[PDB]
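Shown here is one chain on its own, the form deposited in one PDB entry, set out as structure tokens.
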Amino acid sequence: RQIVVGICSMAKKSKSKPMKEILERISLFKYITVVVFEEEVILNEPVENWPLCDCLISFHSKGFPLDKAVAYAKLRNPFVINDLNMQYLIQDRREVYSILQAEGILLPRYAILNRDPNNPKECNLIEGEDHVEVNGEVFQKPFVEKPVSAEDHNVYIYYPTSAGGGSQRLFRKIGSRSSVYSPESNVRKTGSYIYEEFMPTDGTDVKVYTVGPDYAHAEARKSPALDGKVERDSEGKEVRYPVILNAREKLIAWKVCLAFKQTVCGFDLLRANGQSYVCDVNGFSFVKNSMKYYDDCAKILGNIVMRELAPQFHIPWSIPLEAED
């Protein structure tokens, strides 16, 4: 019989252009059949009724029942490409930074302010005009304030008096904008936040996309922290700049991929002070608008599948050579 690769995610994701491009390519593997789980089934049917697969590619996004995906994997025991339990932790920035620290990965100096919604002022924060103190730890402006939920993209940056004060409020892109300036100089007074040192970059963020630990595509984009106008090309796509990762950064990608057990993994790097700091780990993420990535990603995932399962299915398989970039 064919090896079945099951795709389990919200329709918005499973039906996206990158997914469709990759799935048609994986389907070219002679011994692999692709089955995309319908959203109505994922949301409404018990896991006992979900289709069978031998290899499961499943990932959480807004609205996805991760509890069900976990239960399905427990029931059927398929080969899992992106670890499901780690996807709970990826939703919590505190858990993400904790794992990065444990792996010896450079990240901005940070402190967590956990606030009890019942006693919002009993928390360990002291505010000055040009600094905050979080559990005793001082952060001079400029500093970054992030919601503990990784799914809340309302990240704020606070500027020093020497720069005009105020704050930059970041958010999920709306049309042509990704952030806006506010005259507000005081930090948010409700919610729990991570406070971290602002890393001076050249004005771009490096986005890294892994396919297993030995492949990473990188590209750069204007930092939303800069002014908030999104740069677009003549076709309306966000402008992307070429990046090649150095040896240190290739090791970062290897470490992130394995530490979070996400074969397909996106994360963000800040090139600052001669080093590269991880500021965000997003989990499952494809490169968009790159035919070469489509080819490479599909080939690598197909090969991972065959490597793991070909012996079980008595299929001859000789492990092939793959790109790293």
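For clarity, a rigid core is taken as the largest C-alpha set superposing within 1.5 Å between two forms. Residue numbers run from 1 along the displayed sequence.
**Student:** Between 209 to 217 and 175 to 183, point out the one with the higher average CA B-factor as the PDB entry records it.
**Tutor:** Higher mean C-alpha B-factor in the PDB entry: 175 to 183.
**Student:** Look up the CA B-factors in the entry and say which stretch, 266 to 274 or 252 to 260, has the higher mean.
**Tutor:** Per the deposited B-factors, the answer is 266 to 274.
**Student:** Among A150, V144, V138, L100, where is the Cα temperature factor highest, going by the PDB entry?
**Tutor:** Answer for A150, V144, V138, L100: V138, with the highest C-alpha B-factor.
**Student:** Say you rank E231, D83, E196, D92 by Cα B-factor from the PDB entry; which sits at the top?
**Tutor:** Out of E231, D83, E196, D92, the record gives the largest C-alpha B-factor to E231.
**Student:** Should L107 be placed in the lowest, middle or highest third of its chain by the C-alpha B factor in the entry?
**Tutor:** Ranked within chain, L107 CA B lands in the middle tercile.
**Student:** How does the C-alpha B factor of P200 compare with the rest of the chain: lowest, middle or highest third?
**Tutor:** Highest third - that is where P200 ends up once the chain's C-alpha B-factors are sorted.
**Student:** Can you tell me which third, lowest, middle or highest, the CA B-factor of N289 falls into for its chain?
**Tutor:** Answer is highest: the recorded C-alpha B-factor places it there.
**Student:** Would you please rank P242 by its C-alpha temperature factor against the other modelled residues of its chain and give the third it falls in: lowest, middle or highest?
**Tutor:** Within its chain, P242 is a lowest-third residue by C-alpha B-factor, going by the deposited values.
**Student:** According to the PDB entry, is the CA B factor of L321 in the bottom, middle or top third of its chain, that is, lowest, middle or highest?
**Tutor:** As the PDB entry reports it, the C-alpha B-factor of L321 lands in the highest third of its chain.
Below, we refer to the form deposited in another entry, which is not included among the displayed structures.
**Student:** Shifts of 2 Å or more at the CA atom, core superposed, between the shown form and the other one: which of the listed residues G128, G136, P200, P117 is the one?
**Tutor:** After core superposition, the one over threshold is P117.
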